[PDB]
Every structure is written in C-alpha cells, then in structure tokens.
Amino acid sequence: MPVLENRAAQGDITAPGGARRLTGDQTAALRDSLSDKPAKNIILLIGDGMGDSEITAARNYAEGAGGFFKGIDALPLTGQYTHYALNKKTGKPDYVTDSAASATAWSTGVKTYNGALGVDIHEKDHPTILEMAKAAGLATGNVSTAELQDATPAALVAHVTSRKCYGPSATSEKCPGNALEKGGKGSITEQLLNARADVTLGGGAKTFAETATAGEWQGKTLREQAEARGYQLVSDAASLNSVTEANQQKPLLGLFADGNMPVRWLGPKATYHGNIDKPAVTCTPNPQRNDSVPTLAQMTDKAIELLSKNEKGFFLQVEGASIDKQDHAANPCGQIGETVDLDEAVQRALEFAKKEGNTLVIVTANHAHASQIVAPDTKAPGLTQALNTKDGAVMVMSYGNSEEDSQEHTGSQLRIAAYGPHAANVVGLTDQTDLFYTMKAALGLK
C-alpha cells in the first residue's frame, strides 16, 4: 500500500505554496491505503514520551521545520488516542498515566492503576498480546533501548503489582504476593525468562546477576538460569550479528548494557533562563554509544530477520526508550537524539512492511511528556535551552511542569499512526486499549 515518500515542504518557505507538504489530492492514495485483509505480522514501535511536541521538536532540530522524518512521518493513517490510567482505590480516571499503566493498556486491553504491570485494579492478571501471539504459534520479539525490566518491555511478559519488582530481592519486599519464595510467579526478570519470547534485546543485564530465591534454579543467578534453559545470550553487536536462528528451542536474549543502553547524542541539561543566559546548543554524538553496541535500528533489523523465518508470522514490539528518560532529565539533545534513533528503526520496519505487504506497522507513544517549544525570548519559570537547528535558526525548549527535577508526563492525547492491513483502526479518536483489540483482530488472535 503506498508509504508517504516525501511530505517535506516542497519549495521555498518564503514563497506562495513553497511550504506545502502536499503535491496533489490525497483521496486516491488514502483509498489505496485501506485494507481489512489479515495482518500476518505486526511491528509496534513505541516512543516513550513521544507526544506530538516531542516529534515537532526533533523534526525542527534534525530535519528543519519544513523537514520530514522518513520513518515517523511516512505513515499514512493518523489519529489521536487517549491514555488515562485508573485510580486503584476509586476506579475513577487518573488523567496522567505512568509507563506501566499505559503499557498494560495496549498489551492487555484493560486499563489499570499507575505502577501495575499486566494486572487490573483488582490485581488480576490478564494475558498480553505477546503471550497470545506465542500461544497461536506466532514468533514474538521484544526490543528496547531501556532495561528489559522497565515498564514497556516488561509489560509484554510480566504480571506484577508494582513496576519496581525487577528481580528477586525487589519482588520479595515490594511484590510479596508475586515473590517466588512466597508461591508467586516471580519477578519481572523471572517471568520474562518463563515467558520465552523468541527474540528479546535490550539492556538491564544487572538484574540477571541476582540469584533465584526458590524454584528449580534456586541459588543460580538469573543469567545461569537463562543459559540452563536454552537461551542464546548475546552481549554485543558482533555476537548479535552471528545469530542465524532464534526460536523456542533456542530463544535469543541480548543484554547489551547493565542498565539502559547509551544515549545517541549528548548535550547540557536545560537550566533556569538557559535561553536568556546561555549560548545556543548544538548536540554532539555520544563517543560512548559505541561500534560494539547495536543501535535500535540494528536490533530491529536483526529481530525482523530472525522472526520472519517463522512462516506463521510474528509480533514485534520495539521501544525507543530514552526519549522519555531524557525528557524527564530536561536534556533536549538526549531526547531529540532518541527520537532520531526511533525514526531509523521505523524506517527499517517500513521497508520490510512495504515489500512483505501483510505487515501492520504502528508508531505511537505511551503518554505525552513535558517539553514545549516556546518563543526564543521566553522568560520561563522552569528549565530552558536554546538549540541550533538544521535550519540555522534557534529553537527554545521549556520544561516547566515540575520543580522536583524530573519533568513529568502529561495527560494530552497524542498521535498514533499506522501502515498496512487494519491501519484504518487508528484514525480518528481511539483509546490506548483499542490498540490491543486492533492488534488482536488484525492478527486473527482469539
């Protein structure tokens, strides 16, 4: 079906029609974008905290205001979805969700309280789209630049009452009803190991150093357990490139960092009146992102390679995580760099989807975040920074929603876009739980 090849400003920004992104009437192109046929595969790309503001800021900096992101902006069907959480005590809406509650909403189809993973407000477990895809015989992949125990990758495989229950120790004190030695299903990491997705790639190697408190692998570290269970462990780009097959008999687990994988671009933090008092910043590539550390695009590509060998089809979730993290850290360059990172992964996904013809690609965010693009002369109360964009002009970014350093999430609805079979279901206003039902129905899961 047609991908948007170029929606950059067609000419001279200062002349009549020069800033147009369209060259003609779109009715025919959109008609050719609509198909209700079954989706053989689904690739879901999540930008953590990548609301419309974050996409505009990153486009302005990296591609220029009249620029176009060949991945993110190329998806033809667009809509806006809501992502509120629930108050555990009252069952009433809680308008600003955290990563755990939003993640659970699109992976299980039920709203929950902030902090829950894979359970509803009554702490009852609900099956995730990954578990269901596995059950139906599809290949499954879970890729992230964050720790694999963080909310978005974890929600596909774990069901715990608190996102904080990363490994055995944390689970024993914070999630005692889930603690393995108290008869529960285990921590996020133990449940991840039990879930056995075919490809799992990300950081968070640190928690695999913990020893299981109970069960068959009591006393062994979760890394030893993974090896003993038949997992192919990979810890750098060379080893990852050597993997020829990844399947239920030999599942791939790539741990490329102790915590979160390295950020792509470095820059200073935004400061009080940073746009008034400090020079404009040009982001610099991070020397430590390294030739041995696979990029999000490389991990997506390897995952698509391995997963596409399953004739039944696959489900792959890819997360550009440190957008959110750096947005909390009020660091424009880190944030924008990770949106650029995600765009590359979305490009790889779109390329495959174009030629394969039966893949639904969906790009969206879990919740909106704090950054706002403000006028150059803004005298703001929070943190600000002036950035030198691709256009050679200054763009100021403001983070003004918290005094407690981390700039919070916000409740605004945001863009969801798709390409492929059943993509129509993201157009107009939808809710994050509708995404679960769209993916389930597209894939023919029951």
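Note that residue numbering follows the sequence shown and begins at 1.
- The PDB entry reports B-factors from which the mean C-alpha value can be compared for 125-133 and 219-227; the larger average falls on 219-227.
- Averaged over Cα atoms, the B-factor as recorded in the entry is higher for 2-10 than for the other of 436-444 and 2-10.
- Residue-level inspection of the entry shows that, of 107, 322, 271, 317, 322 has the top Cα B-factor.
- Sorting 193, 329, 101, 72 by the CA temperature factor given in the entry leaves 329 at the top.
- Ranked by Cα temperature factor within the chain, residue 357 sits in the highest third according to the deposited record.
- Sorting the modelled residues of the chain by their CA temperature factor places residue 161 in the middle third.
- Among all modelled residues in its chain, residue 174 ranks in the highest third by Cα B-factor.
- Ranked by Cα temperature factor within the chain, residue 210 sits in the highest third according to the deposited record.
- Ranked by C-alpha B-factor against the other modelled residues of its chain, residue 391 falls in the middle third.
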